[PDB]
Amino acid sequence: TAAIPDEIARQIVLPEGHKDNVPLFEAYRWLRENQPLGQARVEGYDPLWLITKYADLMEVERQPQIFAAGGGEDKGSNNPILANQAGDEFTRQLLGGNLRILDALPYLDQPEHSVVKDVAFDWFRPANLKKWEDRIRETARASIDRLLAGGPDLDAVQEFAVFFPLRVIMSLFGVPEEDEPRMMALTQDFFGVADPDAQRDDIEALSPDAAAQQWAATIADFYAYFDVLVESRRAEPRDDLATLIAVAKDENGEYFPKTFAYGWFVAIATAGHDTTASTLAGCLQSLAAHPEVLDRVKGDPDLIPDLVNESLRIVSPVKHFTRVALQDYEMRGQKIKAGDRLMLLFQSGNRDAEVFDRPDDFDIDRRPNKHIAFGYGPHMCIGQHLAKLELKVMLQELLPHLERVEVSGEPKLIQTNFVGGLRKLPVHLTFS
């Protein structure tokens, strides 16, 4: 019944707790082993049930009529992306009483979620992505040509991994190549709201609501950019993903409001590349630690999808979304009360020893690989098949050219409790 101990709670709730993976994963492990379903009561945050167990993540996510993302019929009464209390107060001041700062899928509950998701559901199915595989492969091969030309010593993140997924999504999306640097900068602002090295110059960095102010400022910049793109594609439809979203109409023949397009565009322009970049960089870091795995996958390229799956499980770059209980609910001997918030810890589910043998080991021979890096339930990642295709294609093209990865300097993570992973991985590569 007791609250989670304060230092374990702070490790997971506070963005600074995520600066180093070792203490963070040890806190997730302490909970799974000693307090798998407890309430974190961190000063400055709402109380949060920390959902650390794989089975519990599925139990919550498969019951959206009980555990809402956006607050159910009181739309925007829950923030699906954990802000501190001061930050939610800033957003309620800006929006006028609620937290629905994007019309993107994470903010929506059924049935609205279902209607909006159906705009793009088919586009993102694996069979409908096959038509992009050759373009993706040409993009990978161009990126690998630049890697070979630049020599063996680089930051495998900022000087390699970041560019391929960004170019892929901007090409599919229809954003011109010259706009990639702006999209990259706004993505760093968006996922860096609590990172000391990613602060915007136009917000008060030290204010209690700084992250929320940065989130809002970044969204306003994306809206200004995507307003021009929506109007452009409505006036002159093209055969690109921007057009599918920009021209989408509801069951009465009316365009969805423009902010629904903007919400798709924010999600695709941020999570659509950053997560894949993180997983690719994390894969390279794991091949440096486990050179026998690199040798084995160069020996059998059909192991590449297994390597992608184990990279996704280990890196798990999307750390959480929040839910709110719409009714009291008993789980694992605990009484969740109506109105209580939950934090879904996908990275912790991915280390649950009840599901994975030697869960901290990098083991590509987990078949099936039961990871939950894409979440579960109706909100399960829409982009998962595009991410798996891009990582497969890049590894098919890159690994033949790599004999060895060495980490030659200190890795750096984004300091975030939300969408994290490496921002720097200094390497020495041995090529062929």
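In case it trips you up, residue 1 is the first one in the sequence shown, and so on.
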Inset, instruction - Determine, for stretches 48-56 and 401-409, which one has the higher mean CA B-factor as deposited. - result: 401-409
Legend entry - Between 1-9 and 421-429 (mean CA B-factor, as deposited), the higher: 1-9
Inset, instruction - Could you tell me which one of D239, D109, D74, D189 shows the highest CA temperature factor in the PDB record? - result: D239
Inset, instruction - Would you mind checking which of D352, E292, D209, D118 has the top Cα temperature factor in the PDB entry? - result: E292
Inset, instruction - Grab the CA temperature factor for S348 from the record and place it in the lowest, middle or highest third of its chain. - result: lowest
Legend entry - B-factor third for the C-alpha atom of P257 within its chain: middle
Inset, instruction - Using the B-factors in the PDB entry, rank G272's C-alpha atom against the chain and give the third, lowest, middle or highest. - result: middle
Inset, instruction - Taking the values exactly as deposited, rank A142 by C-alpha B-factor within its chain and report the matching third: lowest, middle or highest. - result: highest
Inset, instruction - Report the third (lowest, middle or highest) to which the CA temperature factor of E231 belongs, ranking only the modelled residues of the same chain. - result: highest
